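*Asks:* these chains are from a complex, not moved at all, and more is on the way:
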Amino acid sequence: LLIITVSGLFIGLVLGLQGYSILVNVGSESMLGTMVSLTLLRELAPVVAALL
């Protein structure tokens, strides 16, 4: 439980870093709450939590 909780953060922060750096020049960062969620719900929670 511990190794997936603190690995839950560092996947989230880089998604919260590149997800901001991409969305600022397009300006439409009403998708930040959607482009954090839909990747983490559809792929990286099935994939990366398996390899850990």
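*Replies:* Structure's in. What do you need? Numbers count the residues shown, from 1 in each chain, chains lettered A, B, ... in the order given.
*Asks:* Can you give me the buried ones in the top helix by length along chain A?
*Replies:* The single longest helix within chain A, with elements called by DSSP state H, is helix A:2-26. Neighbour-count burial for helix A:2-26, counted by 16 or more other Cβ atoms under 10 Å, picks out A:11, A:15, A:19. For the C-beta atoms, the positions are set from N, CA and C on the backbone; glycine is no exception.
*Asks:* you'd agree residue A:44 is up against residue A:11?
*Replies:* Yes - in this structure residue A:44 lies within contact range of residue A:11 using Cβ atoms under 8 Å: 6.3 Å.
*Asks:* Could you dump the buried residues of helix A:2-26 into CSV with distance to residue A:28 added?
*Replies:* Shown next, in CSV, are these (distance: Cβ to Cβ, whole Å):
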residue, distance to residue A:28
A:11, 24
A:15, 17
A:19, 13
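*Asks:* Once you drop chain neighbours, what's closest to the residue nearest in space to the middle of chain A?
*Replies:* With distances taken as Cα atoms, centre = their mean, residue A:15 lies nearest the centre of chain A, 3.7 Å away. Distances taken as Cβ to Cβ, 6 or more residues apart in numbering place residue A:36 nearest to residue A:15, at 5.5 Å, with adjacent residues excluded.
*Asks:* Wait, the one you found touches residue A:20, no?
*Replies:* No - counting by Cβ under 8 Å, residue A:36 sits too far from residue A:20 to count as a contact (9.8 Å).
*Asks:* which non-adjacent residue is nearest residue A:35?
*Replies:* residue A:19 (5.6 Å).
*Asks:* State the distance from the one you found to residue A:9.
*Replies:* 15 Å (Cβ to Cβ, to the nearest Å).
*Asks:* Pop out the phi and psi values for residue A:31.
*Replies:* Note on residue A:31: backbone dihedrals following degrees, to the nearest 10 are phi -100, psi 0.
*Asks:* then chain B, please:
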Amino acid sequence: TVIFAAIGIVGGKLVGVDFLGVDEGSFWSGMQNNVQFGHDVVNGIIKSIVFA
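*Replies:* Chain B goes in next, on the same frame as the chains above:
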């Protein structure tokens, strides 16, 4: 994976709106205004059973 996806989304909100800054309101709004439950989360668990 449920505990992975929950702490992932909360992690994206942390460096997003507390260190870079967007409209938390907007965030939550778009978040809950796009992500269905029986189409996305329950399909995010059916993948995490047949991986297990």
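*Asks:* Revisit the buried residues of helix A:2-26 given that chain B is now included?
*Replies:* Using 16 or more other Cβ atoms under 10 Å in any protein chain shown as the test for burial, helix A:2-26 gives A:7, A:8, A:9, A:11, A:12, A:13, A:15, A:16, A:19, A:20, A:23.
*Asks:* what's the angle from it to helix B:2-17?
*Replies:* In terms of direction (axes from the mean of the first three to the mean of the last three Cα atoms, to 10 degrees), helix A:2-26 departs from helix B:2-17 by 40 degrees.
*Asks:* What is helix A:2-26 packed up against?
*Replies:* Using 3 or more Cβ pairs under 8 Å, 6 or more residues apart in numbering or on different chains; DSSP states H and E, the elements in contact with helix A:2-26 are helix A:32-35, helix A:37-42, helix A:44-51, helix B:2-17.
*Asks:* Generate a markdown table for those, with distance to residue B:40 as supplementary columns.
*Replies:* Output for those, formatted as a markdown table (distance: least, Cβ to Cβ, whole Å):
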| stretch | distance to residue B:40 |
| --- | --- |
| helix A:32-35 | 11 |
| helix A:37-42 | 5 |
| helix A:44-51 | 11 |
| helix B:2-17 | 10 |
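*Asks:* Compute the inter-axis angle for the longest helix of chain A and helix A:44-51.
*Replies:* Using the same axes, to 10 degrees: helix A:2-26 against helix A:44-51 is 140 degrees.
*Asks:* quick one: contacts of helix A:2-26?
*Replies:* A:29, A:31-32, A:35-36, A:39-40, A:44, A:48-49, A:52, B:3-4, B:6-16, B:20 (Cβ atoms under 8 Å, 6 or more residues apart in numbering or on different chains).
*Asks:* now swap in stretch A:35-52 and tell me
*Replies:* Counting by Cβ under 8 Å, 6+ apart, A:3-4, A:7, A:11-12, A:15-16, A:19, A:23, B:1-2, B:4-5, B:8-9, B:12-13, B:16, B:31, B:34-35, B:40-41, B:43-44, B:47-48, B:51 sit against stretch A:35-52.
*Asks:* The following sequence is to be added as chain C:
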Amino acid sequence: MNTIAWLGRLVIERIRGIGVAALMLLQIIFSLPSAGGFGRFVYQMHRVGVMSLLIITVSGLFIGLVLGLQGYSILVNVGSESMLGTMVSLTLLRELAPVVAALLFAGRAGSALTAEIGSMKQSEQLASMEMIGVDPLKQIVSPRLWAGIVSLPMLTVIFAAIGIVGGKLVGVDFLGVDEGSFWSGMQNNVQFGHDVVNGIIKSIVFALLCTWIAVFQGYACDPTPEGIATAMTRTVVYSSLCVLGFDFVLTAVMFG
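*Replies:* Alright, chain C goes in next:
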């Protein structure tokens, strides 16, 4: 308050446990080169590098295809999929080639290295070698370290190249966009000295922490072969907390 003392004495041990491992690392690289070490080293890179090549090539595709599937499904309603060649490339160059190729390398060669040295301590080949005076740090460890520093940046490059080619396959051959707008939308946006060379500097300092933590837990394990198998799963935890933790501290530097 006794289980408090058990937790307290455990993480006190883990700190000391690091301070030994740094001293073993400075004792390796600050040494004269052994005679004929190159023939040992190239055989070692056969073991760590060339063996792991297959599992990262065919894992290079399946990361690429899902990026070529969700990258299409997102970009169709916004219509502006002149970014498909850019939103396959810039994620695969900046993050998923440093990150995901580390967690697959800690899997195979990250953990097969701590077994091979874990087996050599138990049968006391390493003890027998010391009595002949060949000091096994320079004999067994040091070619098994330099075949890990060199062989990981030679893998993420092969990971990122087959990833981008994989995104082009299900993109324009099964769904269909302009084959011109793919590369011409790509080549213009992706600098070399800012993105690729920064995509390798991350893959060197991942190769150091993923091998030096791996080659340490084989050396300073114990015998009694429940002492090997507790250590081969002590790296793969300790690597993946330090791959991702050191990633995020790095990407804020180069892409602040």
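*Asks:* please look at the contacts of stretch A:35-52 again, because chain C has been put in.
*Replies:* A:3-4, A:7, A:11-12, A:15-16, A:19, A:23, B:1-2, B:4-5, B:8-9, B:12-13, B:16, B:31, B:34-35, B:40-41, B:43-44, B:47-48, B:51, C:66, C:70, C:74, C:100, C:103-104, C:107, C:240.
*Asks:* Alpha carbons only: can I get it in PDB?
*Replies:* Provided in PDB are the C-alpha atoms of stretch A:35-52 (Å, rounded to 0.1, in the frame of the first residue of the first chain):
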ATOM      1  CA  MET A  35      -6.700  16.100 -19.100                       C
ATOM      2  CA  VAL A  36      -5.600  15.000 -15.600                       C
ATOM      3  CA  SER A  37      -8.600  12.800 -15.100                       C
ATOM      4  CA  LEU A  38      -9.200  11.100 -18.400                       C
ATOM      5  CA  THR A  39      -5.700   9.800 -18.800                       C
ATOM      6  CA  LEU A  40      -5.400   8.700 -15.200                       C
ATOM      7  CA  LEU A  41      -8.800   7.000 -15.400                       C
ATOM      8  CA  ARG A  42      -8.400   5.300 -18.700                       C
ATOM      9  CA  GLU A  43      -4.800   4.200 -19.000                       C
ATOM     10  CA  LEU A  44      -2.300   5.000 -16.400                       C
ATOM     11  CA  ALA A  45      -4.200   3.600 -13.500                       C
ATOM     12  CA  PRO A  46      -4.600   0.200 -15.300                       C
ATOM     13  CA  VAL A  47      -1.100   0.200 -16.700                       C
ATOM     14  CA  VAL A  48       1.300   1.800 -14.300                       C
ATOM     15  CA  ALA A  49      -0.200   0.300 -11.200                       C
ATOM     16  CA  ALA A  50       0.200  -3.100 -12.800                       C
ATOM     17  CA  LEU A  51       4.000  -2.700 -13.500                       C
ATOM     18  CA  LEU A  52       4.400  -1.600  -9.900                       C
END
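*Asks:* Identify each buried residue in that stretch, please.
*Replies:* Buried, per 16+ other Cβ under 10 Å, within stretch A:35-52: A:35-49, A:52.
*Asks:* Alright, I will stop here.
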